[PDB]
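>>> sequence, then structure. It's an experimental one.
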Amino acid sequence: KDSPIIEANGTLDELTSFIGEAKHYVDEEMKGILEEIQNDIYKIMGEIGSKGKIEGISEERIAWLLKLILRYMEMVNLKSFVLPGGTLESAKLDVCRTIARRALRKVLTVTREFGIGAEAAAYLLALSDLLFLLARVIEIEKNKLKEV
Amino acid sequence: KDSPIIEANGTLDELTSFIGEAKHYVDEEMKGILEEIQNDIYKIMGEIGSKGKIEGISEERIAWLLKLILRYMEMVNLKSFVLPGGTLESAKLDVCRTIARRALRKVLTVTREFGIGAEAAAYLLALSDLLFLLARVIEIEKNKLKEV
Amino acid sequence: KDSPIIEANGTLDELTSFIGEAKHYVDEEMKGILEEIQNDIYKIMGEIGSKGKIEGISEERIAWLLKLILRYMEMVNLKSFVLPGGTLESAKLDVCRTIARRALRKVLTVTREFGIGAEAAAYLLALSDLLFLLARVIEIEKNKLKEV
Amino acid sequence: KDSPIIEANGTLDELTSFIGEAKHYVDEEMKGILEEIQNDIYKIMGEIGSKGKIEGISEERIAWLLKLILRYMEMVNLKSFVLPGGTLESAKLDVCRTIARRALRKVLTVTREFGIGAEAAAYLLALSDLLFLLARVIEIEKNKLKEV
Amino acid sequence: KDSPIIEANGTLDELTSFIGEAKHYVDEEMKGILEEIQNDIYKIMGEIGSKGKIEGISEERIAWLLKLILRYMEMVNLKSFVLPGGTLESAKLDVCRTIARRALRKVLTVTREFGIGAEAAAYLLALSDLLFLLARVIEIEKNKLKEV
Amino acid sequence: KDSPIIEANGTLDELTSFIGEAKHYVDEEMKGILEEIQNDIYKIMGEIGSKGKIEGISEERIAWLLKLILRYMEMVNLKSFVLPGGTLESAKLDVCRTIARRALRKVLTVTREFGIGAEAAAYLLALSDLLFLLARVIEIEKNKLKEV
Amino acid sequence: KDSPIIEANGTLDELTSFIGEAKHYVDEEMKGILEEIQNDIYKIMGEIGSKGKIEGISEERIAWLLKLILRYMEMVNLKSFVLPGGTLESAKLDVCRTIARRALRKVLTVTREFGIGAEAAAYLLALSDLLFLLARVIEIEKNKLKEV
Amino acid sequence: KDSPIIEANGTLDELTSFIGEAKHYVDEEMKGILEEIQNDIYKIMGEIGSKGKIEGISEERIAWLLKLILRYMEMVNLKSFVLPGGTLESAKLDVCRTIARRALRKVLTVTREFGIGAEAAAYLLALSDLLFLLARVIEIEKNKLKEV
Amino acid sequence: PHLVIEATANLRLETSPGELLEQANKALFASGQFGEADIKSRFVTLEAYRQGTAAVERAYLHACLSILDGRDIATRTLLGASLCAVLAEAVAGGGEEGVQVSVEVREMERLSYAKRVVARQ
Amino acid sequence: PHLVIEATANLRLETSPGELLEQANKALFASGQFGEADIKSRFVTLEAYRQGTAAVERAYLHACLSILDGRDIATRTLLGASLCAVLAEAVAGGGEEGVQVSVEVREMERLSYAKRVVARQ
Amino acid sequence: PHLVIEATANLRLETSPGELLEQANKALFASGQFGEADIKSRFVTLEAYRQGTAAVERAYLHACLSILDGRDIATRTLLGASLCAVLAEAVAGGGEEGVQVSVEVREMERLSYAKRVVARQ
Amino acid sequence: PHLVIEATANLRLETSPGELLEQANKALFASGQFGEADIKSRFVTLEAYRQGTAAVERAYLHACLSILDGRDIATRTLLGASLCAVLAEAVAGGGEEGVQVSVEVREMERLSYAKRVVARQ
Amino acid sequence: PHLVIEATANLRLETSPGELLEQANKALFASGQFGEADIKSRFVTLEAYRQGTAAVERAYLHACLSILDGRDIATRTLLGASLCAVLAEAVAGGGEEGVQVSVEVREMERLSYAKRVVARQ
Amino acid sequence: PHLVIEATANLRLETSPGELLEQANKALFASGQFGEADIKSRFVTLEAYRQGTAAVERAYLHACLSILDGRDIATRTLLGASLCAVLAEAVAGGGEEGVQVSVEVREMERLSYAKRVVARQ
Amino acid sequence: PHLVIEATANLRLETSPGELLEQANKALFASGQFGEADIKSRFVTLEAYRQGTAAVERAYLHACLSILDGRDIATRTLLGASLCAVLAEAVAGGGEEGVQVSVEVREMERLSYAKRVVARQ
């Protein structure tokens, strides 16, 4: 297959693998959320892998992230920049956040070349924003906010 | 040195480093297997790093993986696709599996440009297949198969 | 923004995220060192992200790493090559070491194209050398040096 | 520095130099106007010369030219095309008008390549239109309109 | 419009503007000649500006210059090279001569790319030769021939 | 001939023509200096025009400018930036200064492509610096320094 | 220097060296002719070596070869093609003939790229034709014409 | 293999073959020298042929030529240029000299592309200088110096 | 950025136009792409409208987000999907069939864009 | 696709705005480019308007067709010429001189375009 | 060209909408880019509007100039800066803080652009 | 350079062929492109000639300037226009209609061009 | 590699020149780029020196590291920053103002580089 | 920048080494390229030297200006010609023939260049 | 060209520095690349030096040939190998181990290079 396709699918496969590790360091609530993300990533990989032939994620899946983002934005009201991984648990999420953005860079290459994955790219962007919030929430509860 | 060479060697160095972390979450049997892989990767890095001058892995090393693959294929008979990291231990292996495929993508670039690393590329491909099986085996023993 | 800039900043953001995880597996001394590195990386990301407009790290920050390198070089006098991750703690550092070199490859692309990040590139190079020493020190104290 | 930058700054420096000569052939009113233009050009050269780092002219400066253009448009109501330099005084302005458009061509190259100087380009365009009107006004007062 | 067209028309507009200034430093005879040139330049700008659609100058206009060239060649019989601008009046013509050749360089670009302006290019070439003769004639009458 | 050669020679011919005009607005001392420059430019045009075959200016000619620069630097000690053409006389020199730098840009193209005119380029650079000083000196004597 | 120049001069230097060997296998008449050719080649190498600055051979030198060609054409009236080197002496000339044509190929590259050596190329072409005739003449006198 | 490699090795093989012929026309002293050169060429061909893997000539081999060059330079003190092959014996050396320079041109292509053969290129350059001296020495002893 | 929401007169919403605009601005600000006071949105009711050629009672809801160029396609797609979510949840019903909701994201030329602040406070 | 028709208040039409929109949709559907229910058009009367600087009674009629990118220039030109024909024949008169009728065809970014169907039936 | 001016209902102007449009057309004609009768501008008051998420009384003034493609960026920038000057000087006040004034210059596709003159005079 | 002038036998000139050649050489030398003694021109009268297919008395005057390559198109065009001016003013009349005057400028290959001076003085 | 350290005569150091060279070699070896015995450094005291045109007592410390080409810019920058750290900490004081410390890293052509070992042991 | 002047022991100068360095710094500062305190120059007398192979009494004067890269070739050439002028006028005599004066301008890699100020004042 | 030879103080040579420079110049002239009087070489003894970090008595001999650019890599390599041969044969011994001999060939920028002859004879 095409190299941009292979690289994007591989990075996505890496993303869900790191998420699969991080979900053993979060509560039962976030674990259910991360597992939903894993299913979405699987659906995304099918779209990109089939070069657009197989349907990817729906519009509601992106709207689902935004529901969570708006929800956790009310819990996170920090001003100064913070150092990643205030706690071990949040550190796992900060890692997944960066892998998600790395997946985004690969998908954007596919979109700019093959014209597919625009929906998936938007998902990964919102995903990284959610993983940021989820990481800060954990640090807030345990009060381990390390600032610059 | 050449950028494709440097990138391949770096990714391989990253692969064996993640394997070096995962081997502290597996039993003594898989730990011995992963440490053998680390030695092979070291031998591979010497080949690629020297741009083909130094001999890489032998044919038997690839045949060694296939011995293990055929062995663990009899223990893994799943039909439906599964979510990576059913357990924390298997999650480490799923990560290493994706890093191995990322190393494969870098090595293939070297092979297509310099004409070396074909043997190494085959090894990494079989390695990723073994790491997949090893991850599912752990999940099977603890019965934590999460499906899509 | 420019793709080389975005990729470099993303990889740097990934580096400090892995460091943020590794610092929960080291003593209080190395934890303070790793957190200083996180602040430097943050300062580096500002330089690269602003395409050179915002001042990066100072010369003393590079000299700070060399102070530590020369310090830990007296504790590490191994001859034969060793397998990464003799202990779980050192394995975290070996990972960060490889991510740091991956960040270096991205920054070098920026330097060769935009003419910025030379100071930052030198920092990441010395950083990877320090993370190597820090990993071996931990293995030495617990006597878990696995050789090839 | 970059050749398009150097050429643009040089041509602008030439423009204000010709204006500096023409202002000794106009009344005290136009002399004050031309000297304001020289200050604007100086501010423009700083923007282009610093490759966008230093702030250029404000929006009001462009609006200032349009105030003058609308003002002198009521004094100039010619139909047929006229030969440049009906008088010696107006000839100086006709020269400056053409140099201004030559500066515009250089700045446009910078804008299309570096993405800066759009404001400055608009200024030079309006400047050339004002210098046209100022030249015709002088010819009108002395009644030396030479037509084609 | 096309950049070669815009640049050529601008330089021509600059040429007639400098001529418009120089004609206030010559006698009534040369002033009438320079004003005829201004009309020709205006006709040329229409041809180039319309990318060949509008008719340019006629063959007789070129023949008109040659009539003047042959006429003033009988008055100018110098051997050694001379420094431009023996007098202030002739200096104006020497300037116009160089601007005319600069216009010629721009027009030639149009001719080599769009296949128009060959007639105009010949005119500007002969124009520069005439402006040379006219400048030397003035210097001869006042006896201010400065040689190298 | 080659276009970079033709353009450079034309711009140089334009430079000495503007100098030939400016020398009628200066005292007898500066007039002698400007006429020496005209002879040097003529010698430069021969070098560039012959594509390096004919010898250009000597090393002493550049040293001659530096003698004048160091001389007039003691008379000019301004801090703030000034607007070109405080007086009509100095305005002529400010124009010539900009034309000289425009000639420099053309010559540099020749040097970077044909490997000739390095000496000439240095001359034009020093020439522009001298013309700057000469312009400020005139403004100083009449006390017409217009600042930004 | 430029590679086409260096290669042409080298091949010419090789040509006159082979001629210098062949002249010890011919009579005193042809020896004088070959030595004249060596002087011409030396004059040619100066032209090509100096990239056209130094004058090459004159028109009479080419006319000199044609005098000899027409002269020996009356002695050579063969129809069928012959095998090179009927005698040892003629074999030396057949070699020089082929080296001369090899020199011609190199010179033509210079002519097509730098626009010099057209005269020299014509000389080498006529030279090869003369060396052909001179070789056949020797074979004719000893009656050793080997045909295909 | 690569064409530049093949061509260089072929030309070198041709050089030692011509030397192998010339050594039957020299005294026992020069014959021993030429045979040493043949061994060096053989060592050079191994280096270039193996694309740098096999070690080429040592530094002393180049120093060996310079010992001979300085030695025969004391015997050759001619001013005017001479025609190649004053004698039959020297003509053989003049041929080898030109073949050596042709080999040099091929090796330089390898060096500029693959970064190997710099030592070998220096050897061939000095070799050609020695073959020049050796040829003139023979002509001097028999007094057959033919000049231009 | 500039947001324009167009709704047919026969379209029923779960909220008032003002409440809909507030929800839209919150969604846009949630992207972290724009400053708060820069988000300028407006709502317009369409009185004269036709959807197709068929004689069926229909109602549609369209939005057009105009932002300055520079953002990648991932951001532009996310913004559109964000607004479309807000608009869809606001629709109560309209016509005698399904209501089509659409959101367009277009880019304004930044270099020629003019902006000033008057009556400053 | 989205069609917006703008008419000055002093412009007189041969048909009602609703009838004009129906004719426009029929012309758009006649291209065979769009689905029937996808053609969403609207009509707006301009109350505040100025045409030029002259003191002459004037009236103009403008339309803007927004379609998703992909179609060639032949299709885009045909669509514009199609709408312009419908608009021109609808004009009865306006002002004290000729009425300028114009139609613009612009392209919406398909990849970032969001579309949903709510209150489904 | 087509000019559309949008102003919030709570925005106070120094002139009437009609006077503002006349000033805008004079500024556009002052560029010498367009024919007089081709400058077609309109003014619209926004009744439903929200600026941001904050609870602060705000008012904004936006304009959108649509011209046929062909002009360089210097001309497009000048036109925008020209309109922005007219709009800024027209603003008397609005809300309880500064009023944001913005002008966008966009390009219409010339080749697919349709134009006719009906009821000719 | 080489100049060849061809004139039909029925063409009347204001000057003799020799005087025409002298005027032509002066015009060529006035370009400052050639050395004086290098300008080699000749005149030929055409005895057998036909202009077209019509049965109309016609006469034409053609010239062909051959110069070595190197000069730009501005110089080549100027030379042709220069010769055409001389030729046109020399024509007194011919045939029963207008006389067509034409001048061609062609380039000789410089690199293969051979030139010598014999019987030197 | 070759290291040359230049210090003005009026510059005071915290260590002897020999001790400074040893510290410099340790820093260079700490890069893991060079073999131990390959690091060849030297120290030179400048007796005749001028820093600028001003009449101020000044002292500077400059170093020049010459290495064979091949290393990336990250390595070259690190080496320079490494030497500059050693040199800066060695400076005790000089002149009547701040002491400028500078380090240059240049590359030697490897292919033309000659190296031998004589009096071998 | 760094300037190093080398003079053979048998070379006689019109000025002292210190005076020569001051003149050199004034010439360098006259270019307006460098800050005053950044011009760091030094003078060295060569005790062991040979010029050629001939047995003739000779003396030479060489200078090497090292500047950070970025300046064009016109500036580099001017700087060299500037220093060469100062050096030439300083030479009184040397050897039994003409004295060769030479100036080299080389560029230091800016990106790897390290610079600090210690004992600050 | 300019040749600079550097030798540690503890290095013993078979010849005097002057004799070494003469041998070096003969080798350089033997290349036929330079004029005789243009070969300007110098010898410097290093008093402060450290070779590595080990506590072993060491001595090294380094040379740096600076020539104007233009020569191919074959010539540059030959020149370096030529000087290295002369330097190696001159070494008698030094330290308690082998003596490292190295020669660098660098290129000076010809276009900015300044050269004059003063006190001419």
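Everything's here; your move. Numbers count the residues shown, from 1 in each chain, chains lettered A, B, ... in the order given.
>>> show me what from chain A comes close to chain J.
Residues of chain A found near chain J (C-beta under 8 Å from any C-beta of the partner chain) are A:59, A:111, A:115, A:118. Just so you know, the C-beta spots here come from the backbone N, C-alpha and C atoms, and that holds for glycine as well.
>>> and the third one, what is it in contact with?
Looking back up the chat, that one is residue A:115. Taking C-beta atoms under 8 Å, 6 or more residues apart in numbering or on different chains, we find residue A:115 in contact with A:52, J:111.
>>> likewise the first one?
By C-beta under 8 Å, 6+ apart, the residues touching residue A:59 are A:119, I:81, I:84-85, J:114, J:116.
>>> closest to chain H out of the residues you listed?
Using C-beta to the nearest C-beta, residue A:119 comes nearest to chain H of these, at 47.6 Å.
>>> counting by contacts, list what the helix or strand that residue A:119 is a member of packs against.
Assigned by DSSP states H and E, residue A:119 falls within helix A:118-142. Under the contact criterion of 3 or more C-beta pairs under 8 Å, 6 or more residues apart in numbering or on different chains; DSSP states H and E, helix A:118-142 touches helix A:28-49, helix A:59-73, helix A:88-114, helix I:73-90.
>>> what's the burial count for residue 16?
Defaulting to chain A. For residue A:16, the number of neighbouring residues by other C-beta atoms under 10 Å in any protein chain shown comes to 27.
>>> actually it's chain I I care about, not the one you picked
Residue I:16, neighbours per other C-beta under 10 Å, totals 12.
>>> the residue of chain I found nearest chain M: neighbour count?
Closest contact between chain I and chain M, by C-beta to the nearest C-beta, is at residue I:72 (28.8 Å). Neighbourhood size, residue I:72 [other C-beta under 10 Å]: 17.
>>> list the contacts of it.
Neighbouring residues of residue I:72 by C-beta under 8 Å, 6+ apart: A:108, A:121.
>>> try 7 Å this time
Residue I:72 is in contact with residue A:108, counting by C-beta atoms under 7 Å, 6 or more residues apart in numbering or on different chains.
>>> ok, the residues of chain A next to chain J vs residue B:81, which is closest?
residue A:59 (23.7 Å; C-beta to C-beta).
>>> against residue J:9, how distant is residue I:47?
As for residue I:47, its distance to residue J:9 is 14 Å (criterion: C-beta to C-beta, to the nearest Å).
>>> can you name the residues that contact residue I:25?
Counting by C-beta under 7 Å, 6+ apart, residue I:25 touches I:39, I:41, K:50, K:52-53.
>>> which residue would you name as the spatial centre of chain I?
residue I:63 (3.2 Å; C-alpha atoms, centre = their mean).
>>> show the contacting residues for that one.
Shown in contact with residue I:63 (C-beta under 7 Å, 6+ apart): I:3-5, I:83, I:87, I:103.
>>> got it, and residue I:3?
Taking C-beta under 7 Å, 6+ apart as the test, what residue I:3 contacts is I:24, I:41, I:63, I:65.
>>> now those residues in JSON lines, with secondary structure?
Formatted as JSON lines, the contacts of residue I:3 follow (DSSP: H, G, I helix; E, B strand; the rest coil):
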{"residue": "I:24", "secondary structure": "helix"}
{"residue": "I:41", "secondary structure": "strand"}
{"residue": "I:63", "secondary structure": "strand"}
{"residue": "I:65", "secondary structure": "strand"}
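>>> that older thread, ok, which pair from the contacts of residue I:63 is furthest apart?
Greatest spatial distance in the contacts of residue I:63: I:4 and I:87, 12.1 Å, computed using C-beta to C-beta.
>>> looking at those two, which is more packed in?
It is residue I:87, of residue I:4 and residue I:87, that has more neighbours when counted by other C-beta under 10 Å, with 26 against 17.
>>> spatially nearest residue to that one (excluding sequence neighbours)?
residue I:101 (5.1 Å; C-beta to C-beta, 6 or more residues apart in numbering or on different chains).
>>> gap between the one you found and chain B?
As defined by C-beta to the nearest C-beta, to the nearest Å, residue I:101 lies at a distance of 30 Å from chain B.
>>> where does that residue fall, helix, sheet strand or coil?
Per three-state DSSP, residue I:101 ends up strand.
>>> which strand residues bridge it?
On DSSP bridges, the residues paired with residue I:101 through beta bridges are residue I:61, residue J:116.
>>> go ahead and confirm it touches residue I:89.
No - Residue I:101 lies out of contact with residue I:89 (C-beta atoms under 7 Å); the separation is 9.7 Å.
>>> looking at those two, which is more packed in?
Neighbour totals were compared for residue I:101 and residue I:89, and residue I:101 leads with 27 against 16 (other C-beta under 10 Å).
>>> dump the residue contacts of the more buried one.
Residue I:101 sits next to I:61, I:84, I:87-88, I:91, J:115-116, J:118 when contact means C-beta under 7 Å, 6+ apart.
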